[PDB]
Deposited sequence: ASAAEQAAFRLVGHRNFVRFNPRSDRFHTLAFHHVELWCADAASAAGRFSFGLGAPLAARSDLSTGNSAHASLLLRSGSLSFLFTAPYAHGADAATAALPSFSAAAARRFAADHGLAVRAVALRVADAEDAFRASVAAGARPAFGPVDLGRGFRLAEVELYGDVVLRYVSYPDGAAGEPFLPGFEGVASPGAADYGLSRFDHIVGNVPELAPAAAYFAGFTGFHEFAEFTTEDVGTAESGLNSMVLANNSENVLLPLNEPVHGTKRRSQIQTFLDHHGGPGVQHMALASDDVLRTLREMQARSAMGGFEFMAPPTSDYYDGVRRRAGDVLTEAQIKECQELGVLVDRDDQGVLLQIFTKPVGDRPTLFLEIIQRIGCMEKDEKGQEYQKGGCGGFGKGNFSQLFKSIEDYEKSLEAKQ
C-alpha cells in the first residue's frame, strides 16, 4: 500500500549520483563490469592523470555511474588523490576483508556542507568533513552501515557537464555503445538488526519508510527521500528457522554489514538482458536459472493483460521474473554473485506504469512503481534454496 510520506528529509536530496567499489585492482573490476554490464569507461584518475595515490575508473551507462578504486603501493603521494577521502591503508584492508564490495553510496544533494552538518547534528557519525573539489563541487561522507559510507556530492546545475568529479579526466567512447541500463533503482544493505540500523539511518537523513516485507529468513524495510527517487532498503536476518537465513549467510562470508545488491533499471530490460547474457560465457555475469513453465503459466494468468505471448516467451527464455502491482508492472532478474563470495549480486529491472506529468511534455514515472518483487519471493526463495542444496 502507499505509505505516508511526511517529506521530512533533513537536507535536499536530489538523486543517486554514484557508487564506489574499493577493489584489489580497479582495472580488472571496471574492465569486467564494463563489458558485463555494457557500461563504457567515462572518466579516470590515476598515474596517467597525475594521481599517484589511487587508480580510479568510472563506468557509465545512462545515468548509472560506477566508480572502481584501488590503492597504488609505492611512490604513492596521498596529496595527489582526486578523492580526498581515500585511504590506502583502509582500502587495502577493505579488499582483503570483503573481496569485491561497495564502499560508498553517493547521493547528489543541494549542498554537501549543509547535508553533512544536518546529518551529524542528527546523529550521523562523520567519515570525512566537507571539502571543495573545485568548480562549486563539494563532497562529504558519514558512516552508513559497517564500513560503507553515505557520500554527499553537490555542485551548480551548470557544472553537470563535468566528466565526473574535478581531478577526473573525461574518457570518450567512439567505438562504444551501452546495453540500455539507465539508472540505479535501489541499493540494499544487510545488517544484523533492522531497528537500530534504521533508527540511526532514518534519524540522520529524515528519510521515511516507503515499504516493508516482514516474516522467511528476513525482515526488510525500504527508506526513501522526499521525492522517493532515492531508495535504500535494509535487510536483517530472522534467526532459528530451518536453513540459515540468506541474510546471515552474507554477514558471515562478508564479515559484517554491507551492500547486498544493487538494482539497475533499463527502459527495455529484454534487449539489455540479451546483451548481458551473450557475454556470460566469456567473463560476463551469470543469472539465476530461469523458473519453469508452471511459473510462467502463472505470469500469463497474473499479467497476461500487459505482456504479450512473445514477451512472456522472451521472459521465460531469459529467466525474467514478473510481478504485478496495484499500479504498475515489475520485470526483474538476479545475477549470481559478482565477486568471489556469495555476498554482492545485482538485480536488473524494468518498471511499467505510474506515469504522470509536471506542466511539461516530459512524463515522469513514480518511484518504486510496481513494488520490489514481493509476489516473486516464493519463487526467488525456491530458486535460492534449490541452488543452495545444489551446492550441497
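In sequence order, the gaps in C-alpha coverage of the deposited chain fall at 1-16, 232-238, 416-418.
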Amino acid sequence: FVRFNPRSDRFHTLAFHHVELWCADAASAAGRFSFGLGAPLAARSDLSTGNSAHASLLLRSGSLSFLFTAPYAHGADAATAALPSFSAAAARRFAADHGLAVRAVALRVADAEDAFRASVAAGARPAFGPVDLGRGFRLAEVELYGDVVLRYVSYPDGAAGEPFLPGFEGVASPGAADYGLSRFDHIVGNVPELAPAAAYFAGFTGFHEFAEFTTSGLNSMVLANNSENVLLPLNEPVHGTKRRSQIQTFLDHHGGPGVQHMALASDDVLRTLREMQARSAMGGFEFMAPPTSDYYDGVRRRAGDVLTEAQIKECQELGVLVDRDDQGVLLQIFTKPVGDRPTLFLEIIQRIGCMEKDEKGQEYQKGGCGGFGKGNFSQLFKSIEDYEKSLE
From here on, numbers count along this sequence of modelled residues.
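Stretches 26-34 and 322-330 differ in mean CA B factor, with 322-330 having the higher one. In this entry, 308-316 shows the higher mean Cα temperature factor of the pair 308-316 and 195-203.
Among 354, 57, 344, 348, the highest C-alpha B-factor recorded in the PDB entry belongs to 354. Within the listed group 217, 284, 233, 257, the record reports its top CA B-factor for 217. Sort the modelled residues of the chain by CA B factor and residue 295 lands in the highest third. When the modelled residues of the chain are ordered by C-alpha B-factor, residue 226 sits in the lowest third. In the PDB entry, a CA B factor belonging to the middle third of its chain's modelled residues is recorded for residue 266. Sort the modelled residues of the chain by CA B factor and residue 213 lands in the highest third. In this PDB entry, residue 185 carries a Cα temperature factor that places it within the lowest third of its chain's modelled residues.
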